[PDB]
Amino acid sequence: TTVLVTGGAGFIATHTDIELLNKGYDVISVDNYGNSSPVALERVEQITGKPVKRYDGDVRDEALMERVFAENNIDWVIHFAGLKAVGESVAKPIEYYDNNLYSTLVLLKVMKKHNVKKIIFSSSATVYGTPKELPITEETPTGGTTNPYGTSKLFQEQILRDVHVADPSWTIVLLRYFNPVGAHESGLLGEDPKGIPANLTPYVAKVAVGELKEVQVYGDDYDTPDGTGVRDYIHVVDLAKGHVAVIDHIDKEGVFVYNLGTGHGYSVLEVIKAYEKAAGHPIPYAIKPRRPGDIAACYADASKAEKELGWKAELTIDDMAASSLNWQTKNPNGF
């Protein structure tokens, strides 16, 4: 089984690459390195002892994607390529909608042309907007998205559903990830964005090892116990294993929806404390205004994925923090 992984050198993709390779799948990456390094793929290869076929370019480049599909026999696609910062998406909607919607459309056009009809889409808890209920299940209504990133994810889900309506020989798996954190136990690979991290834990990790000065905590006036945002953090290795479970167990036509989270919700301050326990010292933070697009609280009921895929997130917020900190200590500037 050959798996094309778009955004193949990113955070979640590189952890997924490892887990796929370790189970005997073949892996091809396509990435433009907007938010990652090609070096991450060397580290995948080093950890696993296995190849990643590497293509360099944009998923919106039809000629490139035609070459990828012409040169390889692809069974599954995992579509990670996208821009993903909630706050940034509010200020740059067109950049988000172009990148995120059109990457998907060029991918699907080329897939259809080669009759490759099995896709895992990297969706997001953001599709639930302000959650109609907590914890969130796959029956919780979607919509009321609060930022163009989240909107783009919900739009993409609908586009994929419409593909199956027009051709029900497709297998479409919509994986709504919560908040992945952490690093591969080896410490050879972890979260390495370009520029200042837009997400919480890489920023916290960098402050803890002295690469950044101060954790910026966006809002303390949310309707949560300590007033900061509450999120379901999941170890990126558990999230990676979920992808392998999908491909191991789903070999039928249809549209399948799964929440991938832990069910445990942590506030921003509780994440900071987890890292402080891991580091053995204070991690400086400051309360700042709310970030546009942010909601108060979201966390998952992931029991559907356990039932149908045999999959559960085992790793704890301490494992997440320790592994993150191990990676960032060994690689303070990343790659």
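One rule holds for the numbers: they count along the sequence shown, beginning at 1.
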Quick check: 249-257 versus 152-160, which has the larger average CA B-factor in the record?
249-257
Using only C-alpha atoms and the B-factors in the entry, which stretch averages higher, 188-196 or 119-127?
188-196
One of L83, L107, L101, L134 has the largest Cα B-factor in the entry, namely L134
Quick tally, chain-level thirds of C-alpha B-factors: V165 sits in the lowest
Would you please rank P332 by its C-alpha temperature factor against the other modelled residues of its chain and give the third it falls in: lowest, middle or highest?
highest
Split into thirds by Cα B-factor across the chain's modelled residues, where does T145 land: lowest, middle or highest?
middle
Of the three thirds of Cα B-factor ranks in this chain, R290 occupies the middle
Going by the CA temperature factor in the PDB record, which third of the chain does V68 belong to: lowest, middle or highest?
highest
